[PDB]
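Single chain ahead, written as C-alpha cells, the form deposited in one PDB entry.
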C-alpha cells in the first residue's frame, strides 16, 4: 500500500462512468462527486494478471507523486474495491495534436512558444523525478482552457512511435531523459506546424534512414530562428550533446521574457514555385 502513499483513495459511490474513450480494462469519460467534476477513468477489469496489477498500481502511485502545473492531475484511485480505477482530470479541448490541427493558424508565436515552455517544464520535472516518459508526442499532451499543456501518457496509439523516438532508443532500447529530449524536439516541430505529421509521408524505415544519413526536419513556416535552433539541438545523434531539460526550460523562459528575441525568423525553404509580376 506504500506505492499509493501520494494518492487519494476515492470511494466508488462517487464515480459514474459514462462513455468508453479507450481500451486490462477500458478508459471512460465520467463524473466525480467531490457540482460534479468531469473525469477520465481507467479501469483494471476482473481477471487482470499480477504484472498488470503491479503496473496499474505503480502508474497510480507515480501519478499521485507528480504534482506539477504541466503534468496531468490525478484526482485519485480506487484500489480497495473492484474494478480498480485511476481517475484524472478531463480537458474539453482534448489532446494537443488534434487541437492544433483544428485551430490551424489561430495562435500567436508567443502563445505557441508558451505551450512549449510548459511542456518543457513538465518534462524537466519528470526527468528530475527520475521518470523516463518514452512516448512524448503531441498526442500525449492535454490542453486546458487556459492553453496550459499537461503531459500525459495514454499508452501507444500498439503503434511504435518511431518518428518521435531517439536513435539509441530505437536501436538498442536505451530510453532516458535524453531520448525524451529528442522527442521534445519533435513535439516542438509539431506545435510550430500546427500538428503536421513529422516527416510527412515518409515510412518509418525511410525516417530512420534519413536520420542516419544526417537529414533533419526543415524549419516550419514563420518559425522563430531561436526555436528552430533549439529543436535542432534536441536532434543531435550523440545523446550526450543534447541539451538537458533544464537547458530547454531556461532558454524558452528567457525567449518569452525577452519577446523581441522571437521576431527573428528562420528562412523557410519553399517546395513550390509561384512566379508572378
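Positions refer to the first chain, counted from 1. C-alpha atoms forming the largest set that superposes within 1.5 Å between two forms make up the rigid core.
Not on display, but discussed next: the form deposited in another entry.
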Taking only shifts of 2 Å or more in Cα after a rigid core superposition between this form and the one not shown, tell me which of 226, 251, 232, 62 qualifies. 62
Any chance the CA of residue 42 moves 2 angstroms or more between this form and the one not shown, core superposed? yes
On a core-based superposition, does residue 177 travel 2 Å or more at its Cα between this form and the one not shown? no
Aligning on the rigid core, do we see the C-alpha of residue 83 shift 2 angstroms or more between this form and the one not shown? yes
Assuming the CA distance changes by 3 angstroms or more, are residue 176 and residue 52 closer together or farther apart in the other entry compared with the shown structure? farther
Taking the shown form as reference, are the C-alpha positions of residue 94 and residue 53 brought closer or pushed farther apart in the other entry, with a change of 3 Å or more? closer
